[PDB]
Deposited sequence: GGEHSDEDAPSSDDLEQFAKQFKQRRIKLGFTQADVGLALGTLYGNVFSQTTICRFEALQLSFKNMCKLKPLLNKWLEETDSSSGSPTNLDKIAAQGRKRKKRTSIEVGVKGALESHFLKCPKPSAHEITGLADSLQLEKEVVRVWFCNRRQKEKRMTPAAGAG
């Protein structure tokens, strides 16, 4: 398995080469469908180039992007800041903390619950 440094260098050189070939991020994502039956979105290609995915996600995707390379050659600021503050304190809130913070902050419980799942996921990105 690759180091974080391996994946960083791979990402850099993947991006350089995609741009040089004049393909867009969506182009690559689509071609992974066309060529390998594994379609991906522009969002996914973008995150991969920015290392904004988990280490394991990055590792699963790298060989796929490598094959492609080989071949071709809302919530408001008042609310947000507060949400962030609590996260630094309690990153994993109980369904009561959640429902509690939700109404007090005037948001649906489900919007608050998902915000915390996403915030937790971000921290697990190779570069958050």
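- Judged by missing C-alpha atoms, the gaps in the deposited chain sequence fall at residues 1 to 8, 82 to 104, 160 to 164, listed in sequence order.
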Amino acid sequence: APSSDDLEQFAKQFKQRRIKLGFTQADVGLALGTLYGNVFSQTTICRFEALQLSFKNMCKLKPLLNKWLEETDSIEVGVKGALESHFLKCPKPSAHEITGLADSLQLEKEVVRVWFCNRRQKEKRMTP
From here on, numbers count along this sequence of modelled residues.
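- Between 87 to 95 and 53 to 61, it is 87 to 95 that carries the larger average Cα temperature factor according to the deposited entry.
- In this crystal structure, the stretch out of 33 to 41 and 77 to 85 whose C-alpha atoms carry the higher mean B factor is 77 to 85.
- Within the listed group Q16, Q9, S104, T24, the record reports its top CA B-factor for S104.
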